[PDB]
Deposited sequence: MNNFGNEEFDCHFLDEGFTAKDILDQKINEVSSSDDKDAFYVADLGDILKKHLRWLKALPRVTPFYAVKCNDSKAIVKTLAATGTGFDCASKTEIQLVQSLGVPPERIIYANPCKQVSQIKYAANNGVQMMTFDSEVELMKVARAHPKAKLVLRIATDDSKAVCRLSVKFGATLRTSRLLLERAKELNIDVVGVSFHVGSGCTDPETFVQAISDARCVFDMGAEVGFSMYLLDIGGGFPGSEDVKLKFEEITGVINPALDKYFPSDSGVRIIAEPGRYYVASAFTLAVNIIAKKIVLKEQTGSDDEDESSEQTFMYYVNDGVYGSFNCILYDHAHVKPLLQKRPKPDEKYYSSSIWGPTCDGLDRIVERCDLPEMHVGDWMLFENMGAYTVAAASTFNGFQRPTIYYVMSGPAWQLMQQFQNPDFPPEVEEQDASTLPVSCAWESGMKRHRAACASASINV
């Protein structure tokens, strides 16, 4: 290891360790925000993934949570990986994942990075512009391209798709298939069905001009926590049919997905410390915690997260709540975590909990104002590690 990985004893859960670690610090000082990353919770998710989409190989979107522990755990399990930069590819390879288990999914790759990928055995890439294709002919002509269709920054339409395939023929580049991305703000499950239906169409378009296409990549956008309206399995209910319909297994197709938030969202809890307080007329409170929209909560901007503040201190049986807002630690007037919420009067020194903080949080945090990335404590149960061995 080059990471703080600890084994949970018999009856201990992740949240118990969190509860423990905040307690075993209350002497002295230094009540810096920290994560508890339950690697078990990631296994659970992989396993559950195998159950739900048993046709669909998952290729973890590294971008989502780039942490070495997450990728090493996942690697051990036998997931594929979705990399979008040379540096993502290097990470994965430096954990001994072979290239066959990587898809360079970024549709607009800087040429030197295409070059990097080519000098390292990464054959499968994604595209959706004619220019992209010209790049690939120059930099990686043996590459296996996946055409990325629309469902906006990325996604070729069907008219372009026809023109791309032709332009890819005159170029002698192999198009092994089609990829779409639904997006996390996915309300309708129908969207999947529609997109699979369009992909089946491009597969047909593609055979018409002699492409022997064998790959369907269904993107990501699967939820990572139970605390959403449209649940994971509900989505897989309308996919398996649509897949069996347009992509029956006797057609020798191979189906993959790019899940990110799905694996890691719930796996991480964030304990931040109330470090200052203001009373406004004792009617409403403003609390200042030591992580902001420039740190872990950057997601309330970039990823459109809604965060729910949880009390680490088990609440009293009826206690009088007040209108409270939570703020980040920076000199930025706009660094505000919760605009309005309902809370017991709390105190400087009290810790707040933030559940489901794995996805698109630490990965896009910057140390603006000089504030440090919170320290991450990896934990894994006895059972969990057994299960990670079976996958080896």
Tell me, which runs of residues in the deposited sequence have no coordinates at all? 1 to 6, 158 to 167, 298 to 310, 422 to 461
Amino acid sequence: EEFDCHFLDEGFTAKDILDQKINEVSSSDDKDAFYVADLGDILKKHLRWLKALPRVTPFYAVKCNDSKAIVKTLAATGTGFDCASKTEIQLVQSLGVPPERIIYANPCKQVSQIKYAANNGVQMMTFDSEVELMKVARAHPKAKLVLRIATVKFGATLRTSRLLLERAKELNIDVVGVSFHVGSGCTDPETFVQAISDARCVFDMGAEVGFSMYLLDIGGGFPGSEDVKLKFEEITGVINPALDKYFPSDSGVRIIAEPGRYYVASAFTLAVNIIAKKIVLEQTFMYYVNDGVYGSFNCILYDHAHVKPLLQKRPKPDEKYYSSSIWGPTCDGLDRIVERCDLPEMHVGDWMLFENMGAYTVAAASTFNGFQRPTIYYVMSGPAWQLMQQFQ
From here on, numbers count along this sequence of modelled residues.
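Here, rigid core means the biggest group of C-alpha atoms that superpose within 1.5 Å across both forms.
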Please work out whether 299 to 307 or 209 to 217 has the higher root mean square C-alpha deviation in 5 other deposited structures of this protein relative to the shown form, with the rigid core as fitting region? 299 to 307
Can you check whether 199 to 207 or 282 to 290 lies farther from the displayed model in 5 other deposited structures of this protein, averaging C-alpha distances as RMS after superposing on the core? 282 to 290
Identify the stretch, either 70 to 78 or 298 to 306, whose C-alpha atoms have the larger mean B-factor according to the entry. 298 to 306
Stretch with the greater mean C-alpha B-factor as recorded in the entry, comparing 357 to 365 against 328 to 336: 328 to 336
Per the PDB entry, which option out of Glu258, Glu88, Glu282, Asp128 has the greatest Cα B factor? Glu282
Kindly indicate the residue among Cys108, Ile103, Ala156, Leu216 with the greatest C-alpha B-factor in the PDB record. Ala156
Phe12: C-alpha B-factor third of its chain, per the entry, is the highest
If you rank the chain by CA B-factor, which third does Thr236 end up in: lowest, middle or highest? middle
Within this chain's modelled residues, let me know which third the CA B factor of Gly292 belongs to: lowest, middle or highest. lowest
State the tercile, meaning the lowest, middle or highest third, of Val92 with respect to the CA B-factors recorded for its chain. lowest
Would you mind checking where the Cα B-factor of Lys31 ranks among the modelled residues of its chain, as the lowest, middle or highest third? highest
